[PDB]
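**Student:** Structure file start-v5.cif, mmCIF, C-alpha atoms (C1' of nucleotides) and all ligand atoms, is pasted below:
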data_input
#
loop_
_atom_site.label_atom_id
_atom_site.label_comp_id
_atom_site.auth_asym_id
_atom_site.auth_seq_id
_atom_site.Cartn_x
_atom_site.Cartn_y
_atom_site.Cartn_z
CA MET A 1 25.84 3.52 -18.81
CA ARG A 2 23.04 2.80 -21.26
CA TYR A 3 21.43 -0.52 -20.31
CA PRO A 4 20.64 -2.20 -16.98
CA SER A 5 23.14 -4.96 -17.80
CA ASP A 6 25.93 -2.38 -18.13
CA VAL A 7 26.34 -2.40 -14.34
CA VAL A 8 28.05 -5.81 -14.44
CA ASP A 9 31.21 -4.96 -16.39
CA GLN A 10 31.32 -1.33 -15.19
CA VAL A 11 30.90 -1.53 -11.41
CA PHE A 12 31.17 -5.27 -10.71
CA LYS A 13 33.82 -5.96 -13.39
CA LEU A 14 32.80 -9.61 -13.59
CA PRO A 15 34.10 -11.54 -16.61
CA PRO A 16 31.45 -13.54 -18.50
CA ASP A 17 30.68 -17.08 -17.40
CA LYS A 18 31.87 -20.19 -19.23
CA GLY A 19 29.95 -22.50 -21.53
CA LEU A 20 28.04 -19.63 -23.13
CA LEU A 21 26.92 -19.83 -26.74
CA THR A 22 28.06 -17.21 -29.25
CA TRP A 23 25.46 -15.40 -31.34
CA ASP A 24 25.95 -15.98 -35.07
CA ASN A 25 22.76 -14.57 -36.58
CA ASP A 26 20.92 -11.29 -37.11
CA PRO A 27 21.13 -9.05 -34.02
CA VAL A 28 18.26 -9.26 -31.55
CA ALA A 29 17.67 -7.64 -28.19
CA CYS A 30 18.13 -9.36 -24.85
CA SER A 31 14.85 -10.63 -23.42
CA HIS A 32 15.70 -8.91 -20.12
CA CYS A 33 17.59 -5.63 -20.69
CA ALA A 34 16.76 -5.09 -24.40
CA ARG A 35 20.50 -4.94 -25.14
CA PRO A 36 21.34 -5.91 -28.74
CA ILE A 37 23.09 -9.26 -29.10
CA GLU A 38 25.15 -8.90 -32.26
CA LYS A 39 27.46 -11.44 -33.87
CA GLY A 40 30.29 -12.53 -31.61
CA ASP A 41 28.49 -11.58 -28.40
CA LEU A 42 28.13 -14.25 -25.72
CA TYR A 43 24.53 -15.18 -24.96
CA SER A 44 22.55 -18.09 -23.52
CA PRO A 45 19.04 -19.35 -24.34
CA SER A 46 16.26 -18.51 -21.92
CA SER A 47 15.81 -21.08 -19.13
CA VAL A 48 13.96 -18.93 -16.60
CA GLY A 49 11.82 -21.76 -15.20
CA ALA A 50 8.27 -22.01 -13.91
CA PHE A 51 8.89 -19.59 -11.00
CA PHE A 52 9.59 -16.60 -13.27
CA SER A 53 6.73 -14.15 -12.70
CA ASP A 54 8.08 -11.32 -14.88
CA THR A 55 7.13 -12.44 -18.37
CA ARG A 56 5.25 -9.15 -18.75
CA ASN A 57 8.45 -7.15 -18.29
CA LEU A 58 10.48 -9.07 -20.87
CA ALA A 59 11.95 -6.63 -23.37
CA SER A 60 11.67 -9.00 -26.33
CA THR A 61 10.54 -12.49 -27.32
CA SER A 62 13.99 -13.49 -28.58
CA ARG A 63 14.44 -16.06 -25.77
CA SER A 64 18.09 -15.01 -25.53
CA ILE A 65 19.89 -13.68 -22.45
CA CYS A 66 23.21 -11.87 -22.53
CA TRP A 67 25.97 -12.86 -20.12
CA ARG A 68 25.64 -9.64 -18.10
CA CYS A 69 22.00 -10.48 -17.39
CA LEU A 70 22.98 -14.06 -16.56
CA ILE A 71 25.27 -12.61 -13.90
CA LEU A 72 22.46 -10.28 -12.79
CA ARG A 73 20.00 -13.18 -12.51
CA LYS A 74 22.04 -15.00 -9.86
CA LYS A 75 20.43 -15.34 -6.44
CA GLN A 76 23.32 -13.52 -4.76
CA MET A 77 22.86 -10.67 -7.24
CA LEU A 78 19.08 -10.54 -6.78
CA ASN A 79 19.34 -10.45 -2.99
CA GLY A 80 22.17 -7.92 -3.06
CA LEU A 81 20.29 -5.58 -5.41
CA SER A 82 16.97 -5.57 -3.54
CA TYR A 83 17.41 -2.01 -2.21
CA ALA A 84 20.41 -0.96 -4.27
CA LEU A 85 21.39 2.29 -5.98
CA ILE A 86 23.98 1.54 -8.67
CA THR A 87 25.90 4.60 -9.82
CA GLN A 88 29.06 4.73 -11.92
CA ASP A 89 31.28 4.72 -8.83
CA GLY A 90 29.67 1.75 -7.09
CA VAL A 91 26.58 0.15 -5.59
CA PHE A 92 24.92 1.81 -2.59
CA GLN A 93 22.05 0.66 -0.37
CA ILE A 94 19.03 2.94 -0.05
CA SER A 95 17.16 0.68 2.40
CA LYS A 96 17.22 3.28 5.18
CA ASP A 97 14.88 6.27 5.19
CA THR A 98 17.75 8.75 5.43
CA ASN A 99 19.33 7.21 2.34
CA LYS A 100 16.03 7.56 0.48
CA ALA A 101 15.72 11.20 1.51
CA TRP A 102 19.28 11.89 0.37
CA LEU A 103 18.69 10.16 -2.96
CA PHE A 104 15.38 11.92 -3.66
CA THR A 105 16.55 15.37 -2.54
CA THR A 106 20.30 15.41 -3.30
CA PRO A 107 20.81 12.77 -6.00
CA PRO A 108 24.20 11.80 -7.41
CA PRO A 109 25.04 13.55 -10.70
CA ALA A 110 26.21 10.59 -12.78
CA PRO A 111 23.78 8.15 -14.44
CA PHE A 112 22.43 5.67 -11.92
CA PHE A 113 19.87 2.92 -11.44
CA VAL A 114 17.46 2.87 -8.49
CA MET A 115 16.05 -0.43 -7.22
CA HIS A 116 13.63 -1.28 -4.44
CA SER A 117 11.98 -4.63 -3.82
CA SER A 118 8.38 -4.83 -2.64
CA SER A 119 8.80 -8.42 -1.41
CA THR A 120 11.39 -10.93 -0.21
CA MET A 121 13.12 -11.26 -3.58
CA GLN A 122 12.32 -9.87 -7.01
CA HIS A 123 13.89 -9.43 -10.44
CA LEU A 124 14.72 -5.72 -10.47
CA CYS A 125 18.06 -4.79 -11.98
CA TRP A 126 17.32 -5.80 -15.58
CA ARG A 127 14.00 -3.92 -15.46
CA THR A 128 15.17 -0.55 -14.11
CA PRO A 129 15.76 2.05 -16.84
CA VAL A 130 18.81 4.25 -16.39
CA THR A 131 18.34 7.71 -14.88
CA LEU A 132 20.13 9.96 -17.36
CA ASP A 133 19.31 13.22 -15.54
CA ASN A 134 18.92 13.51 -11.77
CA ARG A 135 15.96 15.88 -12.20
CA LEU A 136 13.83 13.02 -13.61
CA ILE A 137 14.67 9.93 -11.55
CA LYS A 138 13.23 6.59 -12.64
CA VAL A 139 12.74 4.22 -9.69
CA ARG A 140 11.72 0.57 -9.98
CA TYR A 141 9.81 -0.43 -6.84
CA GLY A 142 8.88 -4.08 -7.24
CA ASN A 143 6.52 -4.27 -10.21
CA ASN A 144 5.85 -0.52 -10.46
CA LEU A 145 7.97 1.76 -12.64
CA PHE A 146 8.10 5.07 -10.79
CA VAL A 147 9.19 8.53 -11.91
CA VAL A 148 10.43 10.71 -9.05
CA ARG A 149 11.26 14.39 -9.50
CA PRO A 150 13.38 15.77 -6.62
CA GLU A 151 12.03 19.29 -7.13
CA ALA A 152 8.47 18.07 -6.55
CA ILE A 153 9.61 16.15 -3.46
CA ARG A 154 11.25 19.29 -2.08
CA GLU A 155 8.16 21.38 -2.84
CA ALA A 156 5.85 18.90 -1.10
CA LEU A 157 8.17 18.78 1.92
CA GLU A 158 8.11 22.58 2.05
CA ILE A 159 4.31 22.54 1.79
CA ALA A 160 4.11 20.18 4.76
CA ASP A 161 6.59 22.29 6.74
CA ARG A 162 4.60 25.48 6.13
CA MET A 163 1.37 23.67 7.00
CA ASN A 164 2.73 22.26 10.27
CA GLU A 165 5.22 24.94 11.36
CA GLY A 166 3.01 26.29 14.15
CA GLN A 167 0.77 23.46 15.33
CA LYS A 168 2.40 21.20 17.91
CA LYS A 169 0.66 18.03 16.67
CA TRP A 170 2.24 17.31 13.29
CA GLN A 171 -0.29 16.06 10.72
CA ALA A 172 0.42 14.65 7.28
CA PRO A 173 -1.16 16.81 4.54
CA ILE A 174 -1.52 13.78 2.24
CA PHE A 175 -2.08 10.15 3.16
CA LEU A 176 0.88 8.07 1.99
CA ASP A 177 1.76 4.38 2.22
CA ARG A 178 5.33 3.11 2.05
CA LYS A 179 4.09 -0.01 0.25
CA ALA A 180 1.91 2.06 -2.13
CA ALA A 181 -0.84 -0.45 -1.37
CA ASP A 182 -3.50 1.30 0.73
CA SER A 183 -6.70 2.38 -0.99
CA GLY A 184 -6.13 5.86 0.45
CA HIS A 185 -2.64 6.25 -1.01
CA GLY A 186 -2.23 9.74 -2.43
CA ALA A 187 -5.52 11.04 -1.05
CA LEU A 188 -5.58 14.29 0.89
CA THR A 189 -5.95 13.89 4.64
CA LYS A 190 -8.46 15.98 6.55
CA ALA A 191 -5.86 18.28 8.10
CA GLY A 192 -4.41 19.00 4.67
CA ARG A 193 -7.92 19.34 3.26
CA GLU A 194 -8.93 22.22 5.57
CA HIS A 195 -5.43 23.56 6.26
CA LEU A 196 -3.98 24.00 2.73
CA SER A 197 -4.63 26.58 0.04
CA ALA A 198 -6.12 25.72 -3.34
CA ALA A 199 -2.75 25.89 -5.09
CA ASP A 200 -1.07 23.58 -2.57
CA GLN A 201 -3.95 21.11 -2.74
CA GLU A 202 -3.76 21.16 -6.54
CA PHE A 203 -0.01 20.53 -6.35
CA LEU A 204 -0.47 17.64 -3.92
CA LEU A 205 -3.12 16.01 -6.12
CA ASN A 206 -0.90 16.38 -9.22
CA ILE A 207 2.20 14.49 -8.08
CA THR A 208 3.39 11.31 -9.76
CA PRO A 209 2.84 7.94 -8.05
CA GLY A 210 6.60 7.68 -7.58
CA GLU A 211 6.61 11.00 -5.74
CA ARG A 212 3.85 9.76 -3.43
CA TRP A 213 5.86 6.60 -2.76
CA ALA A 214 9.02 8.61 -2.02
CA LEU A 215 7.21 11.05 0.26
CA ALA A 216 5.79 8.03 2.10
CA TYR A 217 9.39 7.53 3.28
CA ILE A 218 10.69 11.09 3.52
CA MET A 219 7.64 12.91 4.93
CA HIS A 220 7.03 12.35 8.65
CA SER A 221 6.70 14.31 11.88
CA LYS A 222 10.50 14.21 12.21
CA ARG A 223 11.94 14.34 8.70
CA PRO A 224 14.98 12.06 8.32
CA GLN A 225 18.25 13.90 7.83
CA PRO A 226 19.81 12.97 4.46
CA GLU A 227 22.96 10.88 4.64
CA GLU A 228 25.19 9.19 2.10
CA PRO A 229 24.53 5.43 1.83
CA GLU A 230 27.39 3.01 2.31
CA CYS A 231 29.00 1.25 -0.63
CA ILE A 232 27.89 -2.36 -1.04
CA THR A 233 29.53 -3.70 -4.23
CA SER A 234 32.35 -5.19 -2.15
CA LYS A 235 29.84 -7.20 -0.11
CA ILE A 236 27.98 -8.41 -3.21
CA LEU A 237 31.23 -9.39 -4.93
CA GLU A 238 32.42 -11.25 -1.82
CA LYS A 239 29.14 -13.15 -1.53
CA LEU A 240 29.25 -13.98 -5.25
"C1'" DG B 1 -109.00 1.28 17.37
"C1'" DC B 2 -105.11 7.21 23.00
"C1'" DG B 3 -100.73 11.14 24.46
"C1'" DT B 4 -97.88 15.40 26.76
"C1'" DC B 5 -94.58 16.54 30.87
"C1'" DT B 6 -89.83 13.98 31.94
"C1'" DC B 7 -85.94 12.83 27.78
"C1'" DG B 8 -80.20 14.52 34.54
"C1'" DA B 9 -76.56 17.15 36.78
"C1'" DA B 10 -71.14 17.52 38.98
"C1'" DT B 11 -67.09 15.94 39.95
"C1'" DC B 12 -62.93 12.89 38.99
"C1'" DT B 13 -59.99 13.95 33.80
"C1'" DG B 14 -53.15 9.56 38.62
"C1'" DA B 15 -49.02 8.82 41.21
"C1'" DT B 16 -43.61 6.48 41.95
"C1'" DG B 17 -39.23 3.84 40.39
"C1'" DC B 18 -36.70 1.77 36.56
"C1'" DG B 19 -34.91 5.15 32.84
"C1'" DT B 20 -28.61 -1.71 31.85
"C1'" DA B 21 -24.65 -4.89 32.59
"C1'" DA B 22 -20.07 -7.87 30.67
"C1'" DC B 23 -17.17 -9.45 26.70
"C1'" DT B 24 -15.71 -8.69 21.71
"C1'" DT B 25 -12.01 -4.38 20.80
"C1'" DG B 26 -9.00 -10.03 13.94
"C1'" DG B 27 -6.30 -13.35 11.69
"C1'" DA B 28 -2.83 -15.19 7.07
"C1'" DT B 29 -1.21 -14.62 2.69
"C1'" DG B 30 0.42 -12.72 -2.14
"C1'" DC B 31 9.65 -14.64 -3.41
"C1'" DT B 32 12.61 -16.72 -6.52
"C1'" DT B 33 16.84 -19.26 -6.83
"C1'" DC B 34 19.94 -23.12 -5.91
"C1'" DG B 35 20.98 -27.71 -4.70
"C1'" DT B 36 19.69 -32.50 -4.21
"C1'" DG B 37 17.02 -36.21 -5.11
"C1'" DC B 38 13.13 -38.55 -7.29
"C1'" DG B 39 9.77 -39.91 -10.74
"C1'" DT B 40 9.03 -40.82 -16.03
ZN ZN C 1 20.52 -8.63 -20.97
#
Rewrite the coordinates I just gave you, this time as structure tokens.
Ligand SMILES: [Zn+2]

**Tutor:**
Amino acid sequence: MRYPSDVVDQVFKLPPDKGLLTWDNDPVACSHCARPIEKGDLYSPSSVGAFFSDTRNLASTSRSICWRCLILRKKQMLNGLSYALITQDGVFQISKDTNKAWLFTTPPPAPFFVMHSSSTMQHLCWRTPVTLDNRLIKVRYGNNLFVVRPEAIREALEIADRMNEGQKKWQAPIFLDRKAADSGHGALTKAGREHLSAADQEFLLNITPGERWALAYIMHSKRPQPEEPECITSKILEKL
DNA sequence: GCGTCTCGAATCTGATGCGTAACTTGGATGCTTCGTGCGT
């Protein structure tokens, strides 16, 4: 899998819609997934409407949308892929905290896309870049493009465990917000400020925003136990 | 067209209570599509 639109024909196996124009000009990328639209490929002109708030994330100004993206842009597809992890095998739901911990500590090997909506409904799937290697996971949370490294997540979890192994009252070394919205997101808490060594503080201050967002779900007083998410592509196909 | 002496002294020079009370102690919002009508 190479493009976000590749999930349609590879895990949803949906044939293209009808009434679609056929490109008969010089190739140009899809305005959504940057996929080339060569001669003979089925496309459709852009008709996003006045409620499209993702003009900044458009891959190109070609005003053309491939059929895979047209399938992806359906309301049933948007709602189904709000908290979805699309691997080669199928589509899983990472909405639960345990699923997030499993994904960010024991990721699947194959290429996969990670989606997470920050609101009721958002355009995600055609914006998420593919994660080619599980060591450098690219996560699209709403409008933010996050890079999550599972090794850094594990190291931060170990740092917290060493910090709070003895004290009965568990305290978060770093202030984290699940929405990545608080003005104190990523700042060191007091307990971590005078209970962590210089190296651990330096490591905590030098984590990517995506790692802070992930730890905002995985790092708590009682760490969630990782579990495999349930397959969802059947539900999405049935509702489509 | 008069002046000296005299031209103070010794206390006392605060004391007592009161020297807070009740409420308030946040709220709401930051999605986009699909279908069905309704104005140019
Ligand atoms: Zn596309």

**Student:** Within 8 Å of ligand ZN 1 (chain C), counting all atoms listed in the file: which residues, as a ChimeraX atom specification?

**Tutor:** /A:4-5,29-35,65-70,126

**Student:** Which distance in Å separates CA of residue 186 (chain A) and CA of residue 125 (chain A), to one decimal?

**Tutor:**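 So the two atoms, CA of residue 186 (chain A) and CA of residue 125 (chain A), lie 26.7 Å apart.
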
**Student:** Restrict the distance test to all atoms listed in the file, flag each residue of chain A within 7 Å of chain B, and return the flagged residues as a compact mmCIF listing (two decimals) with C-alpha atoms, keeping the file's coordinate frame.

**Tutor:**
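The new file selection.txt reads:
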# COMPACT_ATOMS: atom_id res chain seq x y z
CA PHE A 51 8.89 -19.59 -11.00
CA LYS A 75 20.43 -15.34 -6.44
CA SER A 119 8.80 -8.42 -1.41
CA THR A 120 11.39 -10.93 -0.21
CA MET A 121 13.12 -11.26 -3.58
CA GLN A 122 12.32 -9.87 -7.01

**Student:** By how many Å are CA of residue 53 (chain A) and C1' of residue 29 (chain B) apart?

**Tutor:** 17.3 Å

**Student:** Quick one: everything within 10 Å of residue 88 (chain A), counting all atoms listed in the file, minus sequence neighbours fewer than 5 positions away in the same chain. Send it as a PyMOL selection string.

**Tutor:** chain A and resi 1+6-7+10-11+108-113

**Student:** Please provide as a count of residues only all residues within 9 Å of residue 26 (chain A), with the sequence filter that same-chain residues fewer than 3 positions apart are discarded (counting only C-alpha atoms (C1' of nucleotides)).

**Tutor:** 4

**Student:** What does the distance from CA of residue 188 (chain A) to CA of residue 204 (chain A) come to in Å, to one decimal?

**Tutor:** 7.8 Å

**Student:** Could you give me the centre and size, in Å to one decimal, of an axis-aligned box around all listed atoms of region 46-64 of chain A with 4 Å added on every side, as AutoDock Vina command-line options?

**Tutor:**
--center_x 11.7 --center_y -14.3 --center_z -19.8 --size_x 20.8 --size_y 23.4 --size_z 25.6

**Student:** Give me the residues near region 195-203 of chain A as a PyMOL selection string, where near means some atom within 10 Å (using all atoms listed in the file) and where sequence neighbours in that chain fewer than 3 positions away do not count.

**Tutor:** chain A and resi 152+155-156+159-160+162-164+173-174+188-192+206-207

**Student:** Which of these, A:210, A:16, A:36, A:150, has the shortest distance to residue 135 (chain A) once you count only C-alpha atoms?

**Tutor:**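 Closest to residue 135 (chain A), using only C-alpha atoms: A:150.
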
**Student:** Rebuild N, CA, C and O atoms on region 89-103 of chain A, as a PDB file, keeping the file's coordinate frame?

**Tutor:**
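Ended up saving to out-v4.pdb:
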ATOM      1  N   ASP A  89      30.209   4.997  -9.781  1.00  0.00           N
ATOM      2  CA  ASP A  89      31.280   4.720  -8.830  1.00  0.00           C
ATOM      3  C   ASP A  89      31.105   3.353  -8.173  1.00  0.00           C
ATOM      4  O   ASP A  89      32.077   2.601  -8.038  1.00  0.00           O
ATOM      5  N   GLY A  90      29.890   3.012  -7.765  1.00  0.00           N
ATOM      6  CA  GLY A  90      29.670   1.750  -7.090  1.00  0.00           C
ATOM      7  C   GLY A  90      28.209   1.540  -6.787  1.00  0.00           C
ATOM      8  O   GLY A  90      27.344   2.270  -7.274  1.00  0.00           O
ATOM      9  N   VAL A  91      27.940   0.528  -5.968  1.00  0.00           N
ATOM     10  CA  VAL A  91      26.580   0.150  -5.590  1.00  0.00           C
ATOM     11  C   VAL A  91      26.353   0.561  -4.140  1.00  0.00           C
ATOM     12  O   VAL A  91      27.118   0.174  -3.248  1.00  0.00           O
ATOM     13  N   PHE A  92      25.298   1.334  -3.911  1.00  0.00           N
ATOM     14  CA  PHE A  92      24.920   1.810  -2.590  1.00  0.00           C
ATOM     15  C   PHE A  92      23.576   1.205  -2.204  1.00  0.00           C
ATOM     16  O   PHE A  92      22.818   0.731  -3.053  1.00  0.00           O
ATOM     17  N   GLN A  93      23.288   1.220  -0.909  1.00  0.00           N
ATOM     18  CA  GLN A  93      22.050   0.660  -0.370  1.00  0.00           C
ATOM     19  C   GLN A  93      21.170   1.788   0.135  1.00  0.00           C
ATOM     20  O   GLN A  93      21.567   2.537   1.033  1.00  0.00           O
ATOM     21  N   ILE A  94      19.971   1.895  -0.426  1.00  0.00           N
ATOM     22  CA  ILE A  94      19.030   2.940  -0.050  1.00  0.00           C
ATOM     23  C   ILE A  94      17.921   2.392   0.854  1.00  0.00           C
ATOM     24  O   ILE A  94      16.828   2.953   0.899  1.00  0.00           O
ATOM     25  N   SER A  95      18.190   1.304   1.576  1.00  0.00           N
ATOM     26  CA  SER A  95      17.160   0.680   2.400  1.00  0.00           C
ATOM     27  C   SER A  95      16.678   1.616   3.501  1.00  0.00           C
ATOM     28  O   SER A  95      15.488   1.637   3.833  1.00  0.00           O
ATOM     29  N   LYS A  96      17.586   2.390   4.086  1.00  0.00           N
ATOM     30  CA  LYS A  96      17.220   3.280   5.180  1.00  0.00           C
ATOM     31  C   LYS A  96      16.452   4.493   4.662  1.00  0.00           C
ATOM     32  O   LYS A  96      16.556   4.879   3.495  1.00  0.00           O
ATOM     33  N   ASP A  97      15.664   5.093   5.557  1.00  0.00           N
ATOM     34  CA  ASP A  97      14.880   6.270   5.190  1.00  0.00           C
ATOM     35  C   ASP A  97      15.766   7.465   4.893  1.00  0.00           C
ATOM     36  O   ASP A  97      15.479   8.247   3.980  1.00  0.00           O
ATOM     37  N   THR A  98      16.838   7.637   5.668  1.00  0.00           N
ATOM     38  CA  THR A  98      17.750   8.750   5.430  1.00  0.00           C
ATOM     39  C   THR A  98      18.407   8.641   4.067  1.00  0.00           C
ATOM     40  O   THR A  98      18.590   9.646   3.370  1.00  0.00           O
ATOM     41  N   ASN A  99      18.770   7.421   3.665  1.00  0.00           N
ATOM     42  CA  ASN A  99      19.330   7.210   2.340  1.00  0.00           C
ATOM     43  C   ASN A  99      18.322   7.569   1.251  1.00  0.00           C
ATOM     44  O   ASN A  99      18.680   8.174   0.235  1.00  0.00           O
ATOM     45  N   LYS A 100      17.055   7.200   1.448  1.00  0.00           N
ATOM     46  CA  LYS A 100      16.030   7.560   0.480  1.00  0.00           C
ATOM     47  C   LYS A 100      15.858   9.064   0.380  1.00  0.00           C
ATOM     48  O   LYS A 100      15.722   9.612  -0.721  1.00  0.00           O
ATOM     49  N   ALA A 101      15.850   9.750   1.523  1.00  0.00           N
ATOM     50  CA  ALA A 101      15.720  11.200   1.510  1.00  0.00           C
ATOM     51  C   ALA A 101      16.896  11.851   0.797  1.00  0.00           C
ATOM     52  O   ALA A 101      16.715  12.782   0.001  1.00  0.00           O
ATOM     53  N   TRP A 102      18.109  11.363   1.058  1.00  0.00           N
ATOM     54  CA  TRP A 102      19.280  11.890   0.370  1.00  0.00           C
ATOM     55  C   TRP A 102      19.198  11.659  -1.127  1.00  0.00           C
ATOM     56  O   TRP A 102      19.521  12.551  -1.919  1.00  0.00           O
ATOM     57  N   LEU A 103      18.768  10.466  -1.540  1.00  0.00           N
ATOM     58  CA  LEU A 103      18.690  10.160  -2.960  1.00  0.00           C
ATOM     59  C   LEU A 103      17.640  11.021  -3.659  1.00  0.00           C
ATOM     60  O   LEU A 103      17.870  11.510  -4.771  1.00  0.00           O
TER      61      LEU A 103
END
